[PDB]
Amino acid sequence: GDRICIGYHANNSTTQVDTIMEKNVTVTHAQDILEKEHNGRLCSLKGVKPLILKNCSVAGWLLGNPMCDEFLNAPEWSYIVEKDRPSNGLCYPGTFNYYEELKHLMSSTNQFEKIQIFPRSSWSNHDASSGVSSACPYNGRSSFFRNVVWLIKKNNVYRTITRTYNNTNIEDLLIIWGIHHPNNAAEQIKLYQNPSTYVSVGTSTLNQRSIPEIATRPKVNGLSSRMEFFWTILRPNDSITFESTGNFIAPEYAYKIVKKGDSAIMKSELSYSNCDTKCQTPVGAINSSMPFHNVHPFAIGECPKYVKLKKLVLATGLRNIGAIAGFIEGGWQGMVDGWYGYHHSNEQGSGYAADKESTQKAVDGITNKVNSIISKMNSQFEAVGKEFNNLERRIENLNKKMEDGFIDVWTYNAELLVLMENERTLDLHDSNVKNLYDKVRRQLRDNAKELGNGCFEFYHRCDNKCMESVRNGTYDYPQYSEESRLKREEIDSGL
């Protein structure tokens, strides 16, 4: 009898970590840091709803394709949701110049107020009612974009238009107009009389004469004529003036840009649910508590940072071992309120006391290391949505390589960070047990025999209140030096 042992925590845990060196390493304690679940709904972003375009495209909405619903309330949004291939775009076929630029402008803007600038009834000298087509049904009748006017010759006359709007607002105004490209020369004259026409737009920034390009094209949504649209931002206290002799698709309404800020155009097939999140992805929303996720790269909100991994587990405690007598043979499930500690084995004692001056010293710098790790990726790359047209493949690929590029880097970074100070979290625990041992050996010197198992046997009488002298770093050799002085010469001369 008369012993003392130095050992470490063990427990029911089966949590597993990885390092550079080893795969699958059972530990006492560890934190998962990778979110891999989503709710598969689309939700508001911290109280603020998305604009859900339904089966409509941004052009359908902005121009007022009769099939799309205007948002009369002038709502603010958190993001914009567009199906992958919407069905309500340019119902009248044609092009929409710098369309993807306009889409990118939407991503920095959060609220529109639709404003009349040219009332549909103020073109006394032209027909403002015949401009409808079988390509734009509203309740089955022929119709047309609601926010622009197909101007057409009145009484076989087309008096040359010159008309100005002064932006007397505080806000930028987004204005859209268009031009008509007919099938053939008979169709031009039947609509706008004057055989040779133009649409001229002027601001302080933009100067543009535009000309009808007559060709013979396939029937899209039923027609061969096309309609090409343009757009501009009119700054405050600037004016715009349109002049045309035919083919001019006039704006009636402009869009006040009333709130700029963080927004997004998310391609998703889902629809709205009564639900709120801090983080939305196109295939559902995230419980943004953990620092990394792998659900989707195009997540918006206050989000965890995206890494392409299947698991990412931080180690925080010991490995896990029976495990009898001392630290060399494993850890003690019998220690509970501490990570490293002791075992009495006394004239009176049993054992299992924890050294908390190095146990909370350990839970100190690892829970301080833990969030230090989370915060140094505070600045990690978040991807941003963008679109490109069939003649901008190179930049679309440039953009794609850049975003895959950074995700790969940051995925490597995140993994190598966990793998590495996982190996140093464990290498610390070992070093912490090994140093507990040396602080008791450096006090109990002559008066004890090193058992080689991580325990010591005492050449003296110990006493319970003297084995806190060793736990407290207080044990004085002299006060029982003279009792050990004699007993050991008895072993050298025992049996």
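Start at 1 and count along the sequence shown; that's the residue number.
Chemist: I want to verify a possible break: how many residues of the deposited sequence sit between residue 321 and residue 322 without any coordinates (none, 1 to 3, 4 to 9, 10 or more)?
Modeler: Gap between residue 321 and residue 322: 4 to 9 unmodelled residues.
Chemist: Comparing 220-228 with 361-369, where is the mean C-alpha B-factor higher?
Modeler: According to the entry, 361-369 carries the higher average C-alpha B-factor.
Chemist: Mean CA temperature factor from the deposited coordinates, higher in 28-36 or in 42-50?
Modeler: It is 28-36.
Chemist: Going by the CA temperature factor in the entry, name the top one among 470, 426, 62, 67.
Modeler: The C-alpha B-factor peaks, among 470, 426, 62, 67, at 470.
Chemist: Using the entry's values, work out which of 299, 80, 335, 407 has the largest Cα B factor.
Modeler: Highest CA B-factor of the listed options: 335.
Chemist: C-alpha B factor of residue 453, ranked within the chain: lowest, middle or highest third?
Modeler: Tercile = highest for this residue's CA B-factor.
Chemist: Please place residue 402 in the lowest, middle or highest third of its chain according to the CA B-factor in the PDB entry.
Modeler: For residue 402, the deposited C-alpha B-factor lands in the lowest third.
Chemist: Ordered by C-alpha B-factor within the chain, which third holds residue 310? Give me lowest, middle or highest, please.
Modeler: Lowest third of the chain for residue 310's C-alpha B-factor.
Chemist: Is the Cα B-factor recorded for residue 243 in the lowest, middle or highest third of its chain?
Modeler: As the PDB entry reports it, the C-alpha B-factor of residue 243 lands in the middle third of its chain.
Chemist: Determine, from the deposited record, the chain-internal third of the Cα B-factor for residue 394: lowest, middle or highest.
Modeler: Lowest third of the chain for residue 394's C-alpha B-factor.
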